[PDB]
>>> print(open('start17.cif').read())   # mmCIF, C-alpha atoms
data_upload
#
loop_
_atom_site.group_PDB
_atom_site.id
_atom_site.type_symbol
_atom_site.label_atom_id
_atom_site.label_comp_id
_atom_site.auth_asym_id
_atom_site.auth_seq_id
_atom_site.Cartn_x
_atom_site.Cartn_y
_atom_site.Cartn_z
ATOM 1 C CA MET D 1 0.000 0.000 0.000
ATOM 2 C CA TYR D 2 1.982 2.958 1.357
ATOM 3 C CA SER D 3 5.328 1.283 0.613
ATOM 4 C CA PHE D 4 5.936 3.901 -2.085
ATOM 5 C CA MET D 5 5.427 6.561 0.591
ATOM 6 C CA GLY D 6 8.076 4.833 2.710
ATOM 7 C CA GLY D 7 10.205 4.001 -0.325
ATOM 8 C CA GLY D 8 10.156 7.190 -2.372
ATOM 9 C CA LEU D 9 10.891 9.286 0.711
ATOM 10 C CA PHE D 10 14.043 7.234 1.330
ATOM 11 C CA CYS D 11 15.283 7.832 -2.224
ATOM 12 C CA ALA D 12 15.017 11.564 -1.478
ATOM 13 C CA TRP D 13 16.288 11.421 2.112
ATOM 14 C CA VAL D 14 19.677 10.269 0.809
ATOM 15 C CA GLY D 15 19.541 12.291 -2.412
ATOM 16 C CA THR D 16 19.043 15.506 -0.448
ATOM 17 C CA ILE D 17 22.318 14.740 1.343
ATOM 18 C CA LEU D 18 24.327 14.133 -1.838
ATOM 19 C CA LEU D 19 23.224 17.554 -3.090
ATOM 20 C CA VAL D 20 24.451 19.106 0.166
ATOM 21 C CA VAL D 21 27.594 16.935 -0.020
ATOM 22 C CA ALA D 22 28.133 18.604 -3.401
ATOM 23 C CA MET D 23 28.154 22.341 -2.552
ATOM 24 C CA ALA D 24 30.467 22.149 0.492
ATOM 25 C CA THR D 25 32.918 19.543 -0.874
ATOM 26 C CA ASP D 26 35.861 21.222 -2.619
ATOM 27 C CA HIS D 27 36.465 18.281 -4.963
ATOM 28 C CA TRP D 28 34.805 19.132 -8.281
ATOM 29 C CA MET D 29 38.058 18.860 -10.266
ATOM 30 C CA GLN D 30 41.410 17.352 -9.308
ATOM 31 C CA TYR D 31 44.581 19.286 -10.114
ATOM 32 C CA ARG D 32 48.067 19.838 -8.722
ATOM 33 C CA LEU D 33 51.215 21.832 -9.435
ATOM 34 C CA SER D 34 54.388 22.026 -7.315
ATOM 35 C CA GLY D 35 53.975 20.581 -3.827
ATOM 36 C CA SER D 36 50.224 21.122 -3.463
ATOM 37 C CA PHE D 37 48.097 18.167 -4.561
ATOM 38 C CA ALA D 38 44.435 18.959 -3.939
ATOM 39 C CA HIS D 39 41.184 19.662 -5.776
ATOM 40 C CA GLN D 40 38.876 22.501 -6.841
ATOM 41 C CA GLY D 41 35.219 23.170 -6.076
ATOM 42 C CA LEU D 42 32.551 25.636 -7.124
ATOM 43 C CA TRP D 43 33.132 28.203 -4.372
ATOM 44 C CA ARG D 44 36.268 27.332 -2.415
ATOM 45 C CA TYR D 45 39.558 26.223 -3.949
ATOM 46 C CA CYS D 46 42.339 24.295 -2.237
ATOM 47 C CA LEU D 47 46.061 23.670 -2.663
ATOM 48 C CA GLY D 48 48.416 22.785 0.183
ATOM 49 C CA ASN D 49 49.969 25.508 2.323
ATOM 50 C CA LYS D 50 46.716 27.517 2.299
ATOM 51 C CA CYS D 51 43.226 27.622 0.778
ATOM 52 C CA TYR D 52 41.668 29.782 -1.936
ATOM 53 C CA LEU D 53 38.348 31.410 -2.828
ATOM 54 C CA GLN D 54 36.714 32.513 -6.071
ATOM 55 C CA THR D 55 38.111 35.484 -7.962
ATOM 56 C CA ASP D 56 36.017 36.310 -11.050
ATOM 57 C CA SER D 57 32.725 34.330 -10.906
ATOM 58 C CA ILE D 58 32.498 32.651 -14.318
ATOM 59 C CA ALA D 59 29.233 32.168 -16.212
ATOM 60 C CA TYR D 60 29.020 28.376 -15.939
ATOM 61 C CA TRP D 61 30.054 28.574 -12.275
ATOM 62 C CA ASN D 62 27.307 31.064 -11.387
ATOM 63 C CA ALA D 63 24.908 28.789 -13.301
ATOM 64 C CA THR D 64 25.580 25.529 -11.446
ATOM 65 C CA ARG D 65 25.610 27.213 -8.022
ATOM 66 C CA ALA D 66 22.109 28.640 -8.487
ATOM 67 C CA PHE D 67 20.585 25.544 -10.105
ATOM 68 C CA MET D 68 21.803 23.156 -7.394
ATOM 69 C CA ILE D 69 20.210 25.310 -4.685
ATOM 70 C CA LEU D 70 17.100 25.458 -6.875
ATOM 71 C CA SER D 71 17.176 21.644 -6.700
ATOM 72 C CA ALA D 72 17.843 21.346 -2.960
ATOM 73 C CA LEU D 73 15.066 23.857 -2.280
ATOM 74 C CA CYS D 74 13.002 21.694 -4.650
ATOM 75 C CA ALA D 75 14.152 18.587 -2.731
ATOM 76 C CA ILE D 76 13.602 19.605 0.894
ATOM 77 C CA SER D 77 10.194 20.844 -0.291
ATOM 78 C CA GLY D 78 9.419 17.185 -0.983
ATOM 79 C CA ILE D 79 10.528 15.298 2.113
ATOM 80 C CA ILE D 80 8.501 17.767 4.173
ATOM 81 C CA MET D 81 5.741 16.980 1.677
ATOM 82 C CA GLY D 82 6.595 13.309 2.149
ATOM 83 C CA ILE D 83 5.939 13.815 5.852
ATOM 84 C CA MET D 84 2.647 15.397 4.772
ATOM 85 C CA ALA D 85 2.076 12.438 2.429
ATOM 86 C CA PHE D 86 1.405 10.089 5.352
ATOM 87 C CA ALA D 87 -0.734 12.402 7.493
ATOM 88 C CA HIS D 88 -3.937 13.321 5.658
ATOM 89 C CA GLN D 89 -4.697 17.033 6.079
ATOM 90 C CA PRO D 90 -8.017 18.305 4.643
ATOM 91 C CA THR D 91 -7.276 21.160 2.246
ATOM 92 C CA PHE D 92 -8.571 20.899 -1.331
ATOM 93 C CA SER D 93 -8.850 18.553 -4.322
ATOM 94 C CA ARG D 94 -6.481 20.182 -6.831
ATOM 95 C CA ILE D 95 -3.028 18.545 -6.739
ATOM 96 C CA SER D 96 -3.146 15.286 -4.790
ATOM 97 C CA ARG D 97 -1.256 14.952 -1.515
ATOM 98 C CA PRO D 98 0.725 11.754 -2.465
ATOM 99 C CA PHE D 99 1.437 13.113 -5.950
ATOM 100 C CA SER D 100 2.725 16.683 -5.639
ATOM 101 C CA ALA D 101 6.136 15.321 -4.617
ATOM 102 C CA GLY D 102 6.426 13.659 -8.026
ATOM 103 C CA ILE D 103 6.479 17.029 -9.777
ATOM 104 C CA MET D 104 8.647 18.534 -7.029
ATOM 105 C CA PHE D 105 11.311 15.810 -7.033
ATOM 106 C CA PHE D 106 11.373 15.610 -10.838
ATOM 107 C CA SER D 107 11.809 19.390 -10.833
ATOM 108 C CA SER D 108 14.768 18.912 -8.492
ATOM 109 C CA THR D 109 15.920 16.158 -10.861
ATOM 110 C CA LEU D 110 15.662 18.638 -13.749
ATOM 111 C CA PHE D 111 17.844 21.392 -12.255
ATOM 112 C CA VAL D 112 20.711 18.978 -11.499
ATOM 113 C CA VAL D 113 20.996 17.273 -14.892
ATOM 114 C CA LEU D 114 21.196 20.837 -16.235
ATOM 115 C CA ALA D 115 23.525 22.111 -13.501
ATOM 116 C CA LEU D 116 25.927 19.212 -14.096
ATOM 117 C CA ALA D 117 25.709 19.643 -17.885
ATOM 118 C CA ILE D 118 26.500 23.376 -17.804
ATOM 119 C CA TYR D 119 29.613 22.437 -15.818
ATOM 120 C CA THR D 120 30.793 19.760 -18.256
ATOM 121 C CA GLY D 121 29.621 21.620 -21.366
ATOM 122 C CA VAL D 122 31.931 24.546 -20.626
ATOM 123 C CA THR D 123 34.768 22.950 -18.611
ATOM 124 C CA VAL D 124 36.184 20.815 -21.427
ATOM 125 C CA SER D 125 35.633 23.640 -23.930
ATOM 126 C CA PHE D 126 37.190 26.337 -21.726
ATOM 127 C CA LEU D 127 40.167 24.061 -20.996
ATOM 128 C CA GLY D 128 41.645 20.712 -22.020
ATOM 129 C CA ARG D 129 44.985 21.366 -23.706
ATOM 130 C CA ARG D 130 45.955 23.801 -20.917
ATOM 131 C CA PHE D 131 45.023 22.047 -17.661
ATOM 132 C CA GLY D 132 46.722 18.653 -17.723
ATOM 133 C CA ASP D 133 45.048 16.864 -14.810
ATOM 134 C CA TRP D 134 41.547 17.239 -16.270
ATOM 135 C CA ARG D 135 39.489 14.977 -13.987
ATOM 136 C CA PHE D 136 35.886 15.103 -12.788
ATOM 137 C CA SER D 137 36.510 14.103 -9.181
ATOM 138 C CA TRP D 138 34.418 12.388 -6.490
ATOM 139 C CA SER D 139 31.997 15.276 -5.891
ATOM 140 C CA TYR D 140 30.922 15.505 -9.535
ATOM 141 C CA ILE D 141 29.906 11.858 -9.116
ATOM 142 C CA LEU D 142 27.758 12.425 -6.018
ATOM 143 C CA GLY D 143 25.881 15.033 -8.042
ATOM 144 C CA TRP D 144 25.155 12.395 -10.680
ATOM 145 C CA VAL D 145 24.287 9.821 -8.011
ATOM 146 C CA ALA D 146 21.764 12.264 -6.539
ATOM 147 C CA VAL D 147 20.461 12.661 -10.103
ATOM 148 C CA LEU D 148 19.230 9.061 -9.927
ATOM 149 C CA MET D 149 18.368 9.091 -6.205
ATOM 150 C CA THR D 150 15.882 11.971 -6.379
ATOM 151 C CA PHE D 151 14.717 10.640 -9.759
ATOM 152 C CA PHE D 152 13.428 7.409 -8.219
ATOM 153 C CA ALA D 153 12.123 9.524 -5.329
ATOM 154 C CA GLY D 154 9.681 10.948 -7.869
ATOM 155 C CA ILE D 155 9.048 7.623 -9.599
ATOM 156 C CA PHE D 156 7.943 5.798 -6.443
ATOM 157 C CA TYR D 157 5.748 8.746 -5.445
ATOM 158 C CA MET D 158 4.293 8.969 -8.963
ATOM 159 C CA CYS D 159 3.712 5.202 -9.061
ATOM 160 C CA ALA D 160 1.543 5.406 -5.933
ATOM 161 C CA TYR D 161 -0.516 8.184 -7.547
ATOM 162 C CA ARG D 162 -2.230 5.729 -9.896
ATOM 163 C CA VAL D 163 -2.549 3.012 -7.239
ATOM 164 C CA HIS D 164 -4.440 5.312 -4.856
ATOM 165 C CA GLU D 165 -6.936 7.075 -7.131
ATOM 166 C CA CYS D 166 -7.711 4.117 -9.415
#
>>> encode(input="start17.cif", output="structure tokens")
Amino acid sequence: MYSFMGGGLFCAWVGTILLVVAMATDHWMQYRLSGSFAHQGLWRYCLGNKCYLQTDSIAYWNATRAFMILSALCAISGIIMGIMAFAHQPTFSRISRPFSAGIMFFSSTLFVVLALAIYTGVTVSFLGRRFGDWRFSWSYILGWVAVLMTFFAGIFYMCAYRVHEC
């Protein structure tokens, strides 16, 4: 019955973390020079003897940063709706209670497949022959893992939509 309610919420409860463990993890691209092996994230940079922050704010950087928050805000606004999916609260008939999360999670799934594509679509074009250690590191992966986690979080919630009303 309500296994989708208890299943789809779990696919988002972990996916919401991977999005947060993607904006505060300075490992979007691995690179090193002379005695400072580290990584490079959206906001903060890192080296060895010290750290580093942004300097110019590039177009594809200021695109991914906003779209990932637009996904997390569209992801936390689903687990709180998943809490509201169990408890029936009389409100109205438009937009079902165990169904609105399907549009909300898929919306969060939409602004991450675009946020991760704007990164890759410009990174290899803006670089390549210059930066030698071109590598999408272990935070770029967690963004793509959360792409599938919150995707199923909408699938399970959308699957229960037909089971309930029909």
>>> resolve_selection(input="start17.cif", expression="the PyMOL selection byres ((chain D and resi 119-133) around 8)", output="PDB file with C-alpha atoms, in the coordinates of the input")
ATOM      1  CA  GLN D  30      41.410  17.352  -9.308  1.00  0.00           C
ATOM      2  CA  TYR D  31      44.581  19.286 -10.114  1.00  0.00           C
ATOM      3  CA  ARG D  32      48.067  19.838  -8.722  1.00  0.00           C
ATOM      4  CA  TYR D  60      29.020  28.376 -15.939  1.00  0.00           C
ATOM      5  CA  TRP D  61      30.054  28.574 -12.275  1.00  0.00           C
ATOM      6  CA  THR D  64      25.580  25.529 -11.446  1.00  0.00           C
ATOM      7  CA  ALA D 115      23.525  22.111 -13.501  1.00  0.00           C
ATOM      8  CA  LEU D 116      25.927  19.212 -14.096  1.00  0.00           C
ATOM      9  CA  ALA D 117      25.709  19.643 -17.885  1.00  0.00           C
ATOM     10  CA  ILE D 118      26.500  23.376 -17.804  1.00  0.00           C
ATOM     11  CA  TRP D 134      41.547  17.239 -16.270  1.00  0.00           C
ATOM     12  CA  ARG D 135      39.489  14.977 -13.987  1.00  0.00           C
TER      13      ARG D 135
END
>>> resolve_selection(input="start17.cif", expression="the PyMOL selection byres ((chain D and resi 80) around 12)", output="count of residues only")
24
>>> atom_distance(input="start17.cif", atom1="atom CA of residue 66 of chain D", atom2="atom CA of residue 40 of chain D")
17.9 Å
>>> residues_near_point(input="start17.cif", point="(27.7, 14.0, -2.2)", cutoff="10 Å", atoms="all atoms listed in the file", output="NGL selection string")
:D and (14-25 or 138-146)
>>> atom_distance(input="start17.cif", atom1="atom CA of residue 45 of chain D", atom2="atom CA of residue 27 of chain D")
8.6 Å
>>> decode(input="start17.cif", residues="segment 12-44 of chain D", atoms="N, CA, C and O atoms", output="PDB file, in the first residue's frame")
ATOM      1  N   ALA D  12      14.752  10.137  -1.593  1.00  0.00           N
ATOM      2  CA  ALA D  12      15.017  11.564  -1.478  1.00  0.00           C
ATOM      3  C   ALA D  12      15.766  11.918  -0.203  1.00  0.00           C
ATOM      4  O   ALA D  12      16.502  12.912  -0.183  1.00  0.00           O
ATOM      5  N   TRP D  13      15.594  11.130   0.862  1.00  0.00           N
ATOM      6  CA  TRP D  13      16.288  11.421   2.112  1.00  0.00           C
ATOM      7  C   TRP D  13      17.795  11.279   1.963  1.00  0.00           C
ATOM      8  O   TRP D  13      18.550  11.985   2.640  1.00  0.00           O
ATOM      9  N   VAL D  14      18.250  10.381   1.095  1.00  0.00           N
ATOM     10  CA  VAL D  14      19.677  10.269   0.809  1.00  0.00           C
ATOM     11  C   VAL D  14      20.087  11.215  -0.313  1.00  0.00           C
ATOM     12  O   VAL D  14      21.172  11.801  -0.271  1.00  0.00           O
ATOM     13  N   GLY D  15      19.220  11.396  -1.314  1.00  0.00           N
ATOM     14  CA  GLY D  15      19.541  12.291  -2.412  1.00  0.00           C
ATOM     15  C   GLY D  15      19.678  13.737  -1.980  1.00  0.00           C
ATOM     16  O   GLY D  15      20.481  14.484  -2.546  1.00  0.00           O
ATOM     17  N   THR D  16      18.900  14.154  -0.978  1.00  0.00           N
ATOM     18  CA  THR D  16      19.043  15.506  -0.448  1.00  0.00           C
ATOM     19  C   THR D  16      20.405  15.705   0.202  1.00  0.00           C
ATOM     20  O   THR D  16      20.938  16.820   0.201  1.00  0.00           O
ATOM     21  N   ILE D  17      20.985  14.639   0.757  1.00  0.00           N
ATOM     22  CA  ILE D  17      22.318  14.740   1.343  1.00  0.00           C
ATOM     23  C   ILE D  17      23.366  14.921   0.251  1.00  0.00           C
ATOM     24  O   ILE D  17      24.210  15.820   0.324  1.00  0.00           O
ATOM     25  N   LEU D  18      23.318  14.076  -0.785  1.00  0.00           N
ATOM     26  CA  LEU D  18      24.327  14.133  -1.838  1.00  0.00           C
ATOM     27  C   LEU D  18      24.358  15.494  -2.522  1.00  0.00           C
ATOM     28  O   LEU D  18      25.415  15.923  -2.999  1.00  0.00           O
ATOM     29  N   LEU D  19      23.219  16.186  -2.582  1.00  0.00           N
ATOM     30  CA  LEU D  19      23.224  17.554  -3.090  1.00  0.00           C
ATOM     31  C   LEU D  19      23.943  18.491  -2.127  1.00  0.00           C
ATOM     32  O   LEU D  19      24.678  19.387  -2.557  1.00  0.00           O
ATOM     33  N   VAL D  20      23.742  18.300  -0.820  1.00  0.00           N
ATOM     34  CA  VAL D  20      24.451  19.106   0.166  1.00  0.00           C
ATOM     35  C   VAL D  20      25.918  18.703   0.231  1.00  0.00           C
ATOM     36  O   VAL D  20      26.796  19.554   0.423  1.00  0.00           O
ATOM     37  N   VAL D  21      26.216  17.414   0.052  1.00  0.00           N
ATOM     38  CA  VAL D  21      27.594  16.935  -0.020  1.00  0.00           C
ATOM     39  C   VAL D  21      28.081  17.111  -1.455  1.00  0.00           C
ATOM     40  O   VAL D  21      28.844  16.292  -1.982  1.00  0.00           O
ATOM     41  N   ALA D  22      27.625  18.184  -2.101  1.00  0.00           N
ATOM     42  CA  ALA D  22      28.133  18.604  -3.401  1.00  0.00           C
ATOM     43  C   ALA D  22      28.400  20.099  -3.498  1.00  0.00           C
ATOM     44  O   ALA D  22      29.092  20.519  -4.431  1.00  0.00           O
ATOM     45  N   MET D  23      27.881  20.912  -2.577  1.00  0.00           N
ATOM     46  CA  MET D  23      28.154  22.341  -2.552  1.00  0.00           C
ATOM     47  C   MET D  23      29.214  22.730  -1.529  1.00  0.00           C
ATOM     48  O   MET D  23      29.789  23.818  -1.640  1.00  0.00           O
ATOM     49  N   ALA D  24      29.483  21.873  -0.545  1.00  0.00           N
ATOM     50  CA  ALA D  24      30.467  22.149   0.492  1.00  0.00           C
ATOM     51  C   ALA D  24      31.681  21.234   0.402  1.00  0.00           C
ATOM     52  O   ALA D  24      32.525  21.248   1.304  1.00  0.00           O
ATOM     53  N   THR D  25      31.787  20.438  -0.658  1.00  0.00           N
ATOM     54  CA  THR D  25      32.918  19.543  -0.874  1.00  0.00           C
ATOM     55  C   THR D  25      33.762  20.112  -2.006  1.00  0.00           C
ATOM     56  O   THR D  25      33.329  20.136  -3.164  1.00  0.00           O
ATOM     57  N   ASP D  26      34.968  20.563  -1.668  1.00  0.00           N
ATOM     58  CA  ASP D  26      35.861  21.222  -2.619  1.00  0.00           C
ATOM     59  C   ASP D  26      36.631  20.193  -3.451  1.00  0.00           C
ATOM     60  O   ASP D  26      37.860  20.151  -3.460  1.00  0.00           O
ATOM     61  N   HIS D  27      35.879  19.348  -4.154  1.00  0.00           N
ATOM     62  CA  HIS D  27      36.465  18.281  -4.963  1.00  0.00           C
ATOM     63  C   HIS D  27      35.684  18.108  -6.262  1.00  0.00           C
ATOM     64  O   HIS D  27      35.280  17.005  -6.630  1.00  0.00           O
ATOM     65  N   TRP D  28      35.465  19.209  -6.983  1.00  0.00           N
ATOM     66  CA  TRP D  28      34.805  19.132  -8.281  1.00  0.00           C
ATOM     67  C   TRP D  28      35.772  18.834  -9.417  1.00  0.00           C
ATOM     68  O   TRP D  28      35.341  18.341 -10.466  1.00  0.00           O
ATOM     69  N   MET D  29      37.061  19.116  -9.234  1.00  0.00           N
ATOM     70  CA  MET D  29      38.058  18.860 -10.266  1.00  0.00           C
ATOM     71  C   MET D  29      39.419  18.718  -9.604  1.00  0.00           C
ATOM     72  O   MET D  29      39.848  19.612  -8.868  1.00  0.00           O
ATOM     73  N   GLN D  30      40.089  17.599  -9.865  1.00  0.00           N
ATOM     74  CA  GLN D  30      41.410  17.352  -9.308  1.00  0.00           C
ATOM     75  C   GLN D  30      42.476  18.057 -10.136  1.00  0.00           C
ATOM     76  O   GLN D  30      42.416  18.072 -11.368  1.00  0.00           O
ATOM     77  N   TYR D  31      43.452  18.649  -9.450  1.00  0.00           N
ATOM     78  CA  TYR D  31      44.581  19.286 -10.114  1.00  0.00           C
ATOM     79  C   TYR D  31      45.679  19.528  -9.091  1.00  0.00           C
ATOM     80  O   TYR D  31      45.411  19.649  -7.892  1.00  0.00           O
ATOM     81  N   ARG D  32      46.916  19.598  -9.579  1.00  0.00           N
ATOM     82  CA  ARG D  32      48.067  19.838  -8.722  1.00  0.00           C
ATOM     83  C   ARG D  32      49.145  20.551  -9.524  1.00  0.00           C
ATOM     84  O   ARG D  32      49.117  20.575 -10.757  1.00  0.00           O
ATOM     85  N   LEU D  33      50.103  21.134  -8.803  1.00  0.00           N
ATOM     86  CA  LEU D  33      51.215  21.832  -9.435  1.00  0.00           C
ATOM     87  C   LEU D  33      52.544  21.416  -8.819  1.00  0.00           C
ATOM     88  O   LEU D  33      53.068  20.340  -9.124  1.00  0.00           O
ATOM     89  N   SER D  34      53.094  22.262  -7.952  1.00  0.00           N
ATOM     90  CA  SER D  34      54.388  22.026  -7.315  1.00  0.00           C
ATOM     91  C   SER D  34      54.180  21.970  -5.805  1.00  0.00           C
ATOM     92  O   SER D  34      54.090  23.010  -5.143  1.00  0.00           O
ATOM     93  N   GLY D  35      54.104  20.759  -5.263  1.00  0.00           N
ATOM     94  CA  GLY D  35      53.975  20.581  -3.827  1.00  0.00           C
ATOM     95  C   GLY D  35      52.647  21.020  -3.250  1.00  0.00           C
ATOM     96  O   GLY D  35      52.613  21.600  -2.157  1.00  0.00           O
ATOM     97  N   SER D  36      51.548  20.756  -3.955  1.00  0.00           N
ATOM     98  CA  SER D  36      50.224  21.122  -3.463  1.00  0.00           C
ATOM     99  C   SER D  36      49.139  20.318  -4.167  1.00  0.00           C
ATOM    100  O   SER D  36      48.311  20.884  -4.889  1.00  0.00           O
ATOM    101  N   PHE D  37      49.136  19.002  -3.969  1.00  0.00           N
ATOM    102  CA  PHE D  37      48.097  18.167  -4.561  1.00  0.00           C
ATOM    103  C   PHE D  37      46.783  18.366  -3.814  1.00  0.00           C
ATOM    104  O   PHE D  37      46.726  18.245  -2.587  1.00  0.00           O
ATOM    105  N   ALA D  38      45.726  18.688  -4.558  1.00  0.00           N
ATOM    106  CA  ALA D  38      44.435  18.959  -3.939  1.00  0.00           C
ATOM    107  C   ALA D  38      43.291  18.781  -4.926  1.00  0.00           C
ATOM    108  O   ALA D  38      43.228  17.779  -5.646  1.00  0.00           O
ATOM    109  N   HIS D  39      42.389  19.754  -4.967  1.00  0.00           N
ATOM    110  CA  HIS D  39      41.184  19.662  -5.776  1.00  0.00           C
ATOM    111  C   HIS D  39      40.705  21.081  -6.077  1.00  0.00           C
ATOM    112  O   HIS D  39      41.453  22.048  -5.901  1.00  0.00           O
ATOM    113  N   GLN D  40      39.459  21.203  -6.527  1.00  0.00           N
ATOM    114  CA  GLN D  40      38.876  22.501  -6.841  1.00  0.00           C
ATOM    115  C   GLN D  40      37.364  22.353  -6.887  1.00  0.00           C
ATOM    116  O   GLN D  40      36.850  21.493  -7.608  1.00  0.00           O
ATOM    117  N   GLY D  41      36.660  23.187  -6.122  1.00  0.00           N
ATOM    118  CA  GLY D  41      35.219  23.170  -6.076  1.00  0.00           C
ATOM    119  C   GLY D  41      34.597  24.383  -6.742  1.00  0.00           C
ATOM    120  O   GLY D  41      35.268  25.200  -7.376  1.00  0.00           O
ATOM    121  N   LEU D  42      33.275  24.487  -6.589  1.00  0.00           N
ATOM    122  CA  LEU D  42      32.551  25.636  -7.124  1.00  0.00           C
ATOM    123  C   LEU D  42      32.999  26.919  -6.441  1.00  0.00           C
ATOM    124  O   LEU D  42      33.576  27.810  -7.073  1.00  0.00           O
ATOM    125  N   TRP D  43      32.741  27.027  -5.137  1.00  0.00           N
ATOM    126  CA  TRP D  43      33.132  28.203  -4.372  1.00  0.00           C
ATOM    127  C   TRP D  43      34.608  28.140  -4.002  1.00  0.00           C
ATOM    128  O   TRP D  43      35.450  28.773  -4.646  1.00  0.00           O
ATOM    129  N   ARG D  44      34.924  27.364  -2.970  1.00  0.00           N
ATOM    130  CA  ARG D  44      36.268  27.332  -2.415  1.00  0.00           C
ATOM    131  C   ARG D  44      37.217  26.522  -3.288  1.00  0.00           C
ATOM    132  O   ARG D  44      36.831  25.519  -3.897  1.00  0.00           O
TER     133      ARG D  44
END
